[PDB]
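In the form deposited without this ligand, a lone chain appears below as structure tokens.
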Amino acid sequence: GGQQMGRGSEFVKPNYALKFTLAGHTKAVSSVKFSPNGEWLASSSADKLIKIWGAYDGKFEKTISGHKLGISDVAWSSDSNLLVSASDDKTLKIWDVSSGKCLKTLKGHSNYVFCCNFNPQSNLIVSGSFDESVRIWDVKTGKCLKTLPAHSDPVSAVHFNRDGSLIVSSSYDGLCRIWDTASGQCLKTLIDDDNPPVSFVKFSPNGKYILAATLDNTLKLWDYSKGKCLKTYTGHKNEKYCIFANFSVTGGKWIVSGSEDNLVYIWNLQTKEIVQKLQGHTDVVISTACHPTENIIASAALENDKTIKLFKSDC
């Protein structure tokens, strides 16, 4: 399963190993994200809370509370100063991480908010809801700028591209769609062979590819421009949950994903071979994230487990 890097690194394989277990959520963990400055990890959970943890030492930092119901997702602003969280209470909240205070409550979704992201500039927030819409929000004012009639089933993920000009969304309706941020126009619908639920979607770091999870135990890498599936990653278990997937780019080039058999799966991006399965969790691994500058994976698991874990690799 080795990958070619430079001279003397012809067969690179990651060696992720567990360094810290982060306990404190009292229900299912739903989402973990590293802040872009690499200092912190935020976690959101069904217990209504967000927790901030040190990214390198896993030291508990603070609890941020105020949502009336479970939280499905959380995301950092580009300057690591703010958080947005998506909740079952039908709102998003924008948070000052330093103070722990709720800056804004974004109201307009008429059903659970399931997924969120800031644009790279961080003047906008994108959200996906059980209400089947994608909304675009002004961070400074709290206004809903746009409501996109995006899908015909709950919206599972939303993500901006590298320059903020495009939004990708995914849904149980079997579609992955790409929206023009400025116009709200649907630019592309990507769908393959079959029509399995699309459980996760995100742009690659350069914004030229889209990684999509489908609930038939498959991850795919798509060329966005050409509308074509380029790689298929299989082996893991994913038939039920909206699991987060990642591009790992700090060392070797990997795809990293949680999985319903309690493992983190890591694949060689080029050859599609499985290169690592990470043990330690005792329930579905619902979330994974990849540190922005170090080879660090954060994982998180569902209600039977309740833990976040940090693993580190030499590549």
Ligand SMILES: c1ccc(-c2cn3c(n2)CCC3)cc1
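Note that residue numbering begins at 1 and tracks the sequence as displayed.
The protein also exists as the form solved in complex with this ligand; that form is not presented, and the subsequent description refers to it.
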Legend entry - Triplet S30, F114 and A157 all within 4.5 Å of this ligand in the entry with it bound via a heavy atom: yes
Legend entry - Contact of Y241 with this ligand in the entry with it bound (heavy atom, 4.5 Å): yes
Legend entry - Distance check, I286 to this ligand in the entry with it bound, heavy atom within 4.5 Å: yes
Inset, instruction - Consider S199 of the chain shown here, and say whether it contacts this ligand in the entry with it bound, taking contact as heavy atoms within 4.5 Å. - result: yes
Inset, instruction - Report yes if any heavy atom of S72 sits within 4.5 Å of a heavy atom of this ligand in the entry with it bound; otherwise report no. - result: yes
Inset, instruction - Report the stretch among 102-110, 149-157, 182-190, 75-83 that approaches this ligand in the entry with it bound to within 4.5 Å, counting heavy atoms only. - result: 149-157
